[PDB]
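Asks: just dropping in an experimental structure and the matching sequence.
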Amino acid sequence: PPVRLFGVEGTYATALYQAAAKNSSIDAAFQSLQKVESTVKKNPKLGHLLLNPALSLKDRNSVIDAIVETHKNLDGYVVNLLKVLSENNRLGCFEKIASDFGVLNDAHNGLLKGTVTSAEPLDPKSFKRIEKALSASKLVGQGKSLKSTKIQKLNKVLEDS
Amino acid sequence: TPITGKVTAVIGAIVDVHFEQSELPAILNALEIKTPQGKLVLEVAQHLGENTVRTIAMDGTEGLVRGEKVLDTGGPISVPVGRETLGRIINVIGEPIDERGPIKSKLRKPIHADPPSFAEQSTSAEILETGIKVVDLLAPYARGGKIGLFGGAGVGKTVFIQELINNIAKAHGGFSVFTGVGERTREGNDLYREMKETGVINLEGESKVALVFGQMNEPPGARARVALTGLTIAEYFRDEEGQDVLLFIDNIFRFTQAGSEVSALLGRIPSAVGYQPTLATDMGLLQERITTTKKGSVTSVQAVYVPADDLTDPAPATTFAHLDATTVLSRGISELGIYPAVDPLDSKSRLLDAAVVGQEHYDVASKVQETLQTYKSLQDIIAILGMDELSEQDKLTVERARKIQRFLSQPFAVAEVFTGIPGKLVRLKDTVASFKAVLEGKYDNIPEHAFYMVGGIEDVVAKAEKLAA
Amino acid sequence: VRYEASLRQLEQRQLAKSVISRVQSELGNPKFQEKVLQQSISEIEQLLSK
Amino acid sequence: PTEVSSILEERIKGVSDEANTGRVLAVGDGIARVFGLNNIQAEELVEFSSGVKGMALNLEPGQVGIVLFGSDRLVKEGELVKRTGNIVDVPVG
Amino acid sequence: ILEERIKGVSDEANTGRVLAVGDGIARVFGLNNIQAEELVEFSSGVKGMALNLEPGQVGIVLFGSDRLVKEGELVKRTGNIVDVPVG
Ligand SMILES: Nc1ncnc2c1ncn2[C@@H]1O[C@H](COP(=O)(O)OP(=O)(O)NP(=O)(O)O)[C@@H](O)[C@H]1O
């Protein structure tokens, strides 16, 4: 897909997207990737045991296989993601692989970017011109607390003259 | 409310701080970490990306622990300015270190501020008599100008500066700002004794000077900065209170040396001789601030150190172009026991011009230099063949140059504990006449020794009569 | 001429500072006319480019 | 001549009427790394939101490398950066 | 909470472990409460010193032969900054 996403560190999630895009296997991969991060960050248990430069090749593979058999959504192609990072010493940056998977689904089936204040709506219609015009009018009236760009430009012009 | 970061990394004088949300402290801002001691200051050097900044500590980083809470103070380092700081000894972080309570000024100013603009520039060609023969005669200093003393270790930049403070600073009236950068604390302790005794500093009275000290024991951040503190103080006295300020820095080298000390840890590819790649512009920002402007005169003497006695080292090479009079100390010349150990041939000033010093002083100068330059050209033949192989005209020039050379030496009052002879101050009109007479050979019949380490031409005829007995 | 030019320049600088202070104070006095004009300007600009 | 301050205020009245890019990644030592500015020329001029101008010299794959014409205290991470659309140039004559 | 006891790889490590050692330095993992310039003792009683502290690892300078250290070794804090008997 034309998304770039770096080229060395960002290629971890893009590599498995090619095999997961067959027979409708992209939907189940979103909810399974979130369970790996959540049970390691806010668990204090398997984080300190895996981030160290000890263990072994066989010990890292057995720990991933035992966790995945009792957790939600890990019986398809999810087991293969953890194995690749165990042997190549890449288990320390698990948040980077899960973050770069979600950006693929939201770029080819939705909008992104921003506008002003907080976030925009991020519609999944078609073209960006017909989406942004119909969403700007509906989000300006509803909410919009406004808590300056025009004032700053006027002041600068008068001090330079 | 308060903006607090977390210590992510410590490497030497560098600390990396992570900030929770959006609003990252600006570059150059002060940060504070509370110690059991008092507090540690930090200066935001750069944004590393991802809500992390990298700072330079203004003090030691011993005992810092990863994860530590760091308070943003929302401004550059501040220093007390104005009349309140006169006769107070100050920090790099603009604090009282003279065990004498708060410096109760009205304003605190950032140490970082842009150099005076081009429209704001202001020139003039007024001599500043020093009483020093070599200078007076050869490379005249200028009132409100930028003077610099170059020399390697132990040639005498410090003692020379103390002779200038001696003469000018007493009969000056206006305000002085002395700044000890990377020198001996002994020296700074001595200078604080020295002032209370001449009465420049009067603890119970008024005071004409101010003291700022980031000495050679300090970490490189402290020393990379303490001069900017001095400067800010002077800049107030110049621009706000429209004053004639005498501004002595010693040693300004120690600012650029500190810059390199931290530079690699700041992640920079080094440059020639292993200097920070920014060495020129980091000096331009600082040097371009020490200046006379349309709002106030500043005369400044700076002590320049010269690494490894190499003048072409990239620190002093780059300095020169910032000065108005440059006066160099040769090691060799001091090993001749000639003091001040100036280089009569390497010292320069914009003020040695007939339009300023006048045709005679102009010409007594040139002719003195030709004489010395000739002696220099022959140094080789005399080294191998000696004197007997020189012609007649050559032979004379040498005996004359060797006299001029010894005559350029002068006893200094401050250096008395090294000569023994009570120091002398010759005047400008005095010096020129004296040398002119010698260059008209009106003294040829006097033993070379008479010219050594005495005042004006009268002292020569004295010592020669003394010895001819 | 230098004194006349300096006076004119000081007066213009003083007037500009007083105008800047008034403009900032008016925006902080909840202006209903500024909020309504900001929404109408955005809609007009997007329709001329599409 | 007859209220010279009134002539400067009337001529600088209506100017801002048609002004509706990259974000800064890191900034230090006259340099700013910048994510975005996709249409930018090698050696093109850019204004930072803060005012200070700069020049693009390293158009790398992920990011752009900018030398600044100013000080940098005024540039912060995330601050919006803007295309000029011009290569550095001078008045002549 | 269910993945804590299901691992079984001794999840009770409080100290640090050598990640790599060479050329008179040793990069230790952990030691989170360590402070800069504090002393450290290694499995074979060889004293090091905490040079730089990065996210992830602590650079430690060995006061001795490298031979006396191994990648993997357990490293203890002293709580003392480098210090001597005096008096
Ligand atoms: N004018 C002088 N008369 C007599 N002795 C001098 C003179 N200048 C320097 N010396 C001698 O040289 C020594 C070094 O002089 P000093 O003023 O400390 O030079 P310095 O070059 O500033 N040294 P440093 O600051 O350590 O790099 C002193 O102890 C003096 O004895």
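Replies: Right, received. Where do you want to start? Residues are numbered from 1 along each chain as shown, chains lettered A, B, ... in the order given.
Asks: CA atoms for contacts and neighbours, from now on please.
Replies: OK.
Asks: what does chain D put close to chain B?
Replies: Neighbours of chain B within chain D, by Cα under 8 Å from any Cα of the partner chain: D:25, D:26, D:27, D:28, D:29, D:72, D:73, D:74, D:75, D:76, D:77.
Asks: in chain C, which helix is the longest?
Replies: Counting residues, the longest helix found in chain C (DSSP state H) is helix C:2-27.
Asks: quick check, that one touching chain A?
Replies: Yes. Using Cα under 8 Å from any Cα, helix C:2-27 reaches chain A at C:16, C:20.
Asks: show residues contacting the helix or strand following that helix.
Replies: Remark: after helix C:2-27, the chain's next helix or strand is helix C:32-48, criterion DSSP states H and E. Residues outside helix C:32-48 that contact it (Cα atoms under 8 Å, 6 or more residues apart in numbering or on different chains): A:133, A:137, A:140, C:27.
Asks: residues near the spatially closest residue to the last one that is not a sequence neighbour, how many?
Replies: So that's residue C:27. Sequence neighbours aside, residue C:34 is the residue nearest to residue C:27 in space, at 8.0 Å (criterion: Cα to Cα, 6 or more residues apart in numbering or on different chains). Burial of residue C:34 is recorded as 10 neighbouring residues (other Cα atoms under 10 Å in any protein chain shown).
Asks: ok, back up a step: now the residues of chain D next to chain B as TSV including secondary structure, neighbour count and distance to residue A:115?
Replies: Output for these, formatted as TSV (DSSP: H, G, I helix; E, B strand; the rest coil; neighbours: other Cα atoms under 10 Å in any protein chain shown; distance: Cα to Cα, whole Å):
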residue	secondary structure	neighbour count	distance to residue A:115
D:25	strand	21	19
D:26	strand	23	22
D:27	strand	25	24
D:28	strand	21	28
D:29	coil	18	31
D:72	coil	20	26
D:73	coil	20	26
D:74	coil	16	23
D:75	coil	28	21
D:76	coil	27	20
D:77	coil	26	18
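Asks: how close does the most centrally placed residue in chain A sit to chain E?
Replies: For chain A, residue A:99 is the residue whose C-alpha lies nearest the centre (Cα atoms, centre = their mean; 2.5 Å). Separation of residue A:99 from chain E (Cα to the nearest Cα, to the nearest Å) stands at 21 Å.
Asks: wait, which of the residues of chain D next to chain B is closest to residue B:361?
Replies: Taking Cα to Cα as the measure, residue B:361 sits nearest to residue D:29 out of these, at 47.7 Å.
Asks: which stretches in the stretch 151-300 of chain B count as helices?
Replies: For the stretch 151-300 of chain B, applying DSSP state H, counting those that start in this stretch gives helices covering B:157-164, B:170, B:185-198, B:220-223, B:226-239, B:253-263, B:279-287.
Asks: now the most centrally placed residue in chain C: how far from residue A:97?
Replies: Nearest to the geometric centre of chain C sits residue C:23, at 5.7 Å (Cα atoms, centre = their mean). Remark: distance between residue C:23 and residue A:97 (Cα to Cα, to the nearest Å) = 50 Å.
Asks: ranges for the helices of the chain?
Replies: No chain in the question, so chain A it is. So, for chain A - with DSSP H - the helices run A:11-20, A:27-41, A:46-50, A:57-68, A:79-87, A:94-107, A:128-141, A:150-159.
Asks: hmm, no, I was thinking of chain D.
Replies: Counting by DSSP H, the helices of chain D are D:5-11.
Asks: for the single nearest residue of it relative to chain C, what are its contacts?
Replies: As assessed by Cα to the nearest Cα, chain C sits closest to residue D:5 within chain D, at 5.6 Å. Contact analysis of residue D:5 by Cα under 8 Å, 6+ apart lists residue C:12.
Asks: and stretch A:60-75, how far apart are its ends?
Replies: 18 Å.
Asks: same question for stretch C:22-41.
Replies: Stretch C:22-41 has an end-to-end distance of 24 Å (criterion: Cα to Cα).
Asks: same question, stretch B:282-301
Replies: This stretch, stretch B:282-301, spans 19 Å end to end (Cα to Cα).
Asks: now do stretch B:442-458
Replies: This stretch, stretch B:442-458, spans 13 Å end to end (Cα to Cα).
Asks: how far is it from where the chain is centred?
Replies: With Cα atoms, centre = their mean, to the nearest Å as the basis, stretch B:442-458 stands 32 Å off its chain's centre.
Asks: who's in contact with that stretch?
Replies: When contacts are defined by Cα under 8 Å, 6+ apart, stretch B:442-458 is touched by residues B:338-339, B:399-400, B:402-404, B:406-407, B:409-411, B:424-426, B:430-431, B:434-435, B:437-438, B:460-461, B:463-464.
Asks: close to the ligand, is it?
Replies: No. Stretch B:442-458 does not reach the ligand (Cα under 6 Å from any ligand atom); its nearest approach is 9.6 Å.
Asks: tell me the phi and psi of residue B:365?
Replies: phi -60, psi -60 (degrees, to the nearest 10).
Asks: rewinding a little: so which of the helices of chain A is nearest the ligand?
Replies: Nearest to the ligand, of all those, is helix A:150-159, at 47.9 Å by Cα to the nearest ligand atom.
Asks: in that closest one, what's buried?
Replies: For helix A:150-159, the neighbour count (16 or more other Cα atoms under 10 Å in any protein chain shown) marks residue A:154 as buried.
Asks: need the contact partners of it.
Replies: Against helix A:150-159 from outside (Cα under 8 Å, 6+ apart): C:16, C:20, D:12, D:16.
Asks: and the helices of chain A as a markdown table, adding distance to residue B:353?
Replies: Formatted as a markdown table, those follow (distance: least, Cα to Cα, whole Å):
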| stretch | distance to residue B:353 |
| --- | --- |
| helix A:11-20 | 71 |
| helix A:27-41 | 76 |
| helix A:46-50 | 76 |
| helix A:57-68 | 81 |
| helix A:79-87 | 76 |
| helix A:94-107 | 70 |
| helix A:128-141 | 73 |
| helix A:150-159 | 43 |
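Asks: and the residue in chain A positioned nearest to chain D, how far is that from chain C?
Replies: Proximity of chain A to chain D (Cα to the nearest Cα) peaks at residue A:6, 6.3 Å away. As judged by Cα to the nearest Cα, residue A:6 and chain C stand 33 Å apart.
Asks: quick one, phi/psi of that residue?
Replies: In terms of degrees, to the nearest 10, the main-chain angles of residue A:6 are phi 60, psi -130.
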